[PDB]
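1. Structure for this input, please:
(one chain, ligands or ions: 1)
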Amino acid sequence: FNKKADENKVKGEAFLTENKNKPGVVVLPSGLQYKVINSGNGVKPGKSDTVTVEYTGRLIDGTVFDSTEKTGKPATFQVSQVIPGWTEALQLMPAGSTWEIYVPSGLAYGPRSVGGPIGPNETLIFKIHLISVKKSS
Ligand SMILES: CO[C@H]1C[C@@H]2CC[C@@H](C)[C@@](O)(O2)C(=O)C(=O)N2CCCC[C@H]2C(=O)O[C@H]([C@H](C)C[C@@H]2CC[C@@H](O)[C@H](OC)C2)CC(=O)[C@H](C)/C=C(\C)[C@@H](O)[C@@H](OC)C(=O)[C@H](C)C[C@H](C)/C=C/C=C/C=C/1C
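-> Residues are numbered from 1 along each chain as shown. Please find the structure below.
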């Protein structure tokens, strides 16, 4: 079944390679890429602050394994408990601004199939809309 690993691997290596190149996308040294769907330039949380957002998660191949923005109902996460990719992105995503981040498998759910449809060597992407921001102290 590792055969699939190669697909996730190639599509994924191509996904990041392609995504960083895709317009609106900004790539970082960590390999994390974010695209600003809507600029808000508002507030936003630190690694320890809490955030409120809505989002849709899918595979490089379009296999949607999770969603929330579809519902449009925000979810609360602590930047410290969120996926690594998300960890930095929220801190860079201003409130009111809607971004899309493409998280390298290393910064996402792992290089292994760590999920349902999420197969071996899967790169995951999510759409992140910032509705409200908290604060640790
Ligand atoms: C894992 O299983 C997932 C289930 C699915 C997997 C697929 C993804 C699409 C999703 O649907 O969650 C999903 O919505 C999701 O993961 N999201 C939503 C979008 C941003 C945050 C991200 C995510 O889960 O970040 C976080 C990320 C998944 C956790 C790990 C971060 C490090 C990274 O290396 C790991 O890779 C695997 C994943 C989890 C969160 O959503 C937010 C921030 C964290 C919580 C609310 C905390 O409750 C959680 O923090 C971990 C905790 O473990 C606390 C302490 C204790 C409680 C009882 C346990 C919660 C467990 C949550 C587990 C979750 C949701």
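
2. and residue 57, helix, strand or coil?
-> strand (DSSP: H, G, I helix; E, B strand; the rest coil).

3. Excluding sequence neighbours, find me the nearest residue to it.
-> residue 66 (3.9 Å; CB to CB, 6 or more residues apart in numbering). Where you see a C-beta, it was placed from the backbone N, CA and C, and this is true even at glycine.

4. Walk me through which strands the helix or strand where that neighbour lies pairs with, and which way each runs.
-> Remark: residue 66 resides in strand 64-67, with elements defined by DSSP states H and E. For strand 64-67, the paired strands and their directions (DSSP bridges) are strand 56-59 (antiparallel).

5. Can you mark which positions in the strand it pairs with are buried?
-> 56, 57, 58, 59 (16 or more other CB atoms under 10 Å).

6. Tell me where the protein has helices.
-> Assigned by DSSP state H, the helices in the chain fall at 2-21, 84-92.
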